[PDB]
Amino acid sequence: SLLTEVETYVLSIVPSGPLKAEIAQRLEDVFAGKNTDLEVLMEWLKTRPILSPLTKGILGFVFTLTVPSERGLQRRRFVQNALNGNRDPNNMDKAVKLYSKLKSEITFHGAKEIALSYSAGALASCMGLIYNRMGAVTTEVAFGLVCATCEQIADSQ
């Protein structure tokens, strides 16, 4: 299941312990269409301890895509910094290169496979590019990108 897969890849990069079962629960409620309202979750996430800025950025990216509507909720600075690729032009170049390819994909698996050739930083930057409205993709591709990003991050630990 698309969302089942997303949850597994996302949690893989989340520290073990209490907070993790919290993210699992919130992720599942949002996926089930339950716990509505994007800015409440985002603010909760922004202020959570233990989580690294990147994993918050990755989660922030997920909630933003999965909630029915974000309304006029502006994109969060905290997420924007986390997915900034460290302002490294090299990551950016790769990000755009990767974006150019994902642009024609519409399936989760097709998107996941092409993005796995890139570094975790290149992928986070691509995510950033999409989160910042400068790049656009389908929900399934965005999710593939997230999973590849998580896989890459996880396999480096």
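Note that residue numbering begins at 1 and tracks the sequence as displayed.
Looking at 59 to 67 and 36 to 44 together, the entry lists the larger mean B-factor for 36 to 44, computed on C-alpha atoms. Note on 12 to 20 vs 144 to 152: mean CA B-factor is higher in 12 to 20. Split the chain's modelled residues into thirds by C-alpha temperature factor. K94 is in the lowest one. Placement of the Cα temperature factor of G128 within the chain: lowest third of the modelled residues, per the deposited record. Among all modelled residues in its chain, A82 ranks in the lowest third by Cα B-factor. Per the deposited record, the Cα B-factor of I114 falls in the middle third when ranked against the other modelled residues of its chain. In this PDB entry, the Cα temperature factor of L102 sits in the middle third of its chain's modelled residues.
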